[PDB]
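So the chains spell out like this:
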Amino acid sequence: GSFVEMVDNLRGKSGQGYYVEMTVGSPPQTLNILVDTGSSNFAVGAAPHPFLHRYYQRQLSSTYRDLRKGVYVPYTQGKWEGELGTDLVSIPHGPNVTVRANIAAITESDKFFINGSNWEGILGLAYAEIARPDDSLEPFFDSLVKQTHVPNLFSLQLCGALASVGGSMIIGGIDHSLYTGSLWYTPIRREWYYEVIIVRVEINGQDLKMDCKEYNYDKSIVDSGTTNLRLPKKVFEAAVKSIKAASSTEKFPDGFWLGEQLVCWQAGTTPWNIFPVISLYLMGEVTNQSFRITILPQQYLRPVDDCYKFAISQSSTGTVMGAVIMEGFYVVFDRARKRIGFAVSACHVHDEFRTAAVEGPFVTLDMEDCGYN
Ligand SMILES: NC1=N[C@@]2(c3ccc(F)cc3F)CO[C@@H](CF)C[C@H]2CS1
């Protein structure tokens, strides 16, 4: 209902992620930790990397326990590796609890830490199935729910704005002040990533008319650790062709659509009106029932004279609903009921003509056929 102490507990810089303050060990060691719904490991810098403001010093903790196991995490854009162990963890601007959690002490990395950022670790909030080295390594939120009376739910309000960013991570609840209108739920298809099903796509109310399996090839996920709205290659081509057609009053280079170049207008003269709204229809809670979420160019044209980057991009890992999607909405990760809720965010960026929207119910048949196998 109301969680005043957790409101505004997220900070960051544009394109550098959202972080929360955490404490590790005894006596407590304060660290800034990136909130990531796209991964499942709690991993912190444990060595004096030059980009880091601070790091986990295991030698100073009386509650530190060594698991005597390594962890190696290569991924597409980089890699991190470390040493597994446990320790006492708390969230100063969160629930009044202390938990014994798995912690990967980062001992080597490449393109993981950001030069100029104010975070030193990552909080993977997804499920055990995608945890490294395997699903036997219990993620943080699972340890939290198991050892305390904290309800199995968390919500995110990412507000956006190198300009400073803010938001709220409500642990174990929902804060009704952070959204307007009603919450609409989409089922979590499978507990690994926060996997969802997109059943329809519209550009200014105009349907893309693609086989809905294309929207979810090979999956659709909700990821706070990603900036862009990432679309499968075939869907991106069709969406761009439709966005270019809708905004044809002004012509832009082909490189802009691919994120290779920026577009500039004289300060305070950005023509938001010429850019279309983008709607994603999501699988509802009832058979043949869907709802839709709508974003504005204020969410997908990102500030870098006012210059902008097109923050919709092509993907080979499926649909990624990153910060572009999440900044328009209050997102409820209702783990207890295996569903994700969306509502219009009380902090989303809009104008006097259009606002972000969450609407329903809509009749959509064969929604289960939209999922990739
Ligand atoms: N959702 C993602 N999280 C990862 C990530 C996110 C932000 C960041 F600053 C650094 C990262 F490494 C961590 O988990 C990797 C998977 F293990 C994937 C990457 C990229 S996308």
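Definitions and limits used
Residues numbered from 1 in each chain as written, not as in the entry; some residues may be left out. Heavy atoms only, no water. Disulfide = S-S within 2.5 Å. UniProt positions renumbered as here; feature names shortened; annotations may be inferred. Buried < 20%, exposed > 50% of the residue type's maximum accessible area, 1.4 Å probe, protein only. 1 Å grid on protein atoms, 1.4 Å probe; cavity = no way out; pocket = protein on both sides within 12 Å on 5 of 7 lines; lining within 4 Å. Points joined across faces, edges and corners; volume = space filled by probe spheres on them. Nonpolar A, V, L, I, M, F, W, Y, C, P; charged D, E, K, R; others polar. Domains from an automatic or database assignment. Contact = heavy atoms within 4.5 Å. Buried area = accessible area lost by both parts, 1.4 Å probe. Salt bridge = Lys/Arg side-chain N within 4 Å of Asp/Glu carboxyl O. Polar contact = N/O pair within 3.5 Å; in protein donor to acceptor, adjacent residues only side chain to side chain. Helix = DSSP H or I, 4+ residues; strand = E, 2+ residues; numbered from the N terminus. Core = buried A, V, L, I, M, F, W, Y, C linked by side-chain atoms within 4.5 Å. Near = heavy atom within 4 Å. Sits in = over half its atoms within 2 Å of the grid points. Pairing = 2+ DSSP bridges.

Caption draft 1: Structural context of the UniProt feature "disulfide bond" in the protein. Look at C212 and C370: UniProt pairs them in a disulfide, and at 2.0 Å between sulfurs the bond is present in this structure. Taken as a pair, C212 and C370 share a single burial class, namely buried. Between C264 and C307 the annotated UniProt disulfide holds up in this structure, with the two sulfurs at 2.0 Å.

Caption draft 2: How the structure looks around empty space enclosed by the protein. In this model, the largest cavity occupies a volume close to 40 Å³. Around the largest cavity, the lining residues are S40, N41, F42, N102, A104, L137, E138, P139 and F140. Looking at side-chain class alone, the lining of the largest cavity contains five nonpolar, three polar and one charged residues.

Caption draft 3: Expanded view of the state of the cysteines. Evaluation of the coordinates by the stated rule reveals three disulfides. Across the disulfide from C212 sits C370; the S-S distance is 2.0 Å. When the S-S torsion is -85°, as for the bridge of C212 with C370, the disulfide is left-handed. A sulfur-sulfur distance of 2.0 Å marks the disulfide that ties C264 to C307. Sign of the S-S torsion, about 110° for the bond between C264 and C307, identifies this disulfide as right-handed. Looking at the protein, its bonded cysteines, counted consecutively from the start of the sequence, adopt the pairing 1-5, 2-6, 3-4.

Caption draft 4: Representation of the domain arrangement of the protein in the model. Each assigned domain of the protein is listed here: domain 1 (18-150) and domain 2 (151-373). One C-alpha centre belongs to domain 1, the other to domain 2, and the line joining them spans 28 Å. Every contact between the two is made by 20 residues of domain 1 and, on the other side, 26 residues of domain 2. Between domain 1 and domain 2, the buried area comes to about 2,000 Å², and carbon and sulfur atoms account for 65% of it. For the domain 1 face of the interface with domain 2, the top three residues by lost area are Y18, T37 and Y127, together amounting to 41%. The interface formed by domain 1 and domain 2 contains two salt bridges. Inspection of the region where domain 1 meets domain 2 yields eleven residue pairs in polar contact. For the side of domain 1 that touches domain 2, the secondary-structure elements that each account for two or more residues are β2 (18-24), β3 (29-36) and α1 (140-147). Sort the elements by how many residues they give to the side of domain 1 that touches domain 2 and α1 lands first, with four residues. Looking at the side of domain 1 that touches domain 2 residue by residue, the class counts come to 13 nonpolar, four polar and three charged.

Caption draft 5: A look at the nonpolar core. If you look at the biggest cluster of nonpolar residues, it comprises 105 residues, and the most contacted ones within it are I293, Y300, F310 and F342. Two domains each put at least three residues into this core: domain 1 (18-150) and domain 2 (151-373). Beyond its immediate chain neighbours, meaning those up to four positions away, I293 contacts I278, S279, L280, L282, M321, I325, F329, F342, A357 and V358. Core analysis: the next-biggest nonpolar cluster, separate from the first, contains 15 residues, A43, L52, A104 and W119 among them.

Caption draft 6: Structural view of the site of the ligand. Neighbouring the ligand are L34, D36, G38, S39, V73, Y75, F112, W119, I122, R132, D223 and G225. Measuring from a nitrogen atom of the ligand, one finds a side-chain N or O atom of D36 at 2.7 Å. Within the side chain of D223, one N or O atom sits 2.9 Å away from a nitrogen atom of the ligand. Most atoms of the ligand, that is more than half of them, are within 2 Å of grid points of the largest pocket. Among the residues making up the shell around the ligand, the classes are represented as six nonpolar, three polar and three charged.

Caption draft 7: Expanded view of the sheet that holds strand β14 (residues 206-207). The strand order across the open sheet built from five strands is β14-β13-β18-β19-β26, with neighbouring strands paired in antiparallel fashion. In the strand order of this sheet, the two ends are held by β14 and β26 (357-363), each with one partner. In terms of strand pairing, strand β18 (residues 278-283) meets strand β19 (residues 289-295) through six bridges, oriented antiparallel. Residue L280 lies in a different strand from β19, and its bridge partner there is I293.

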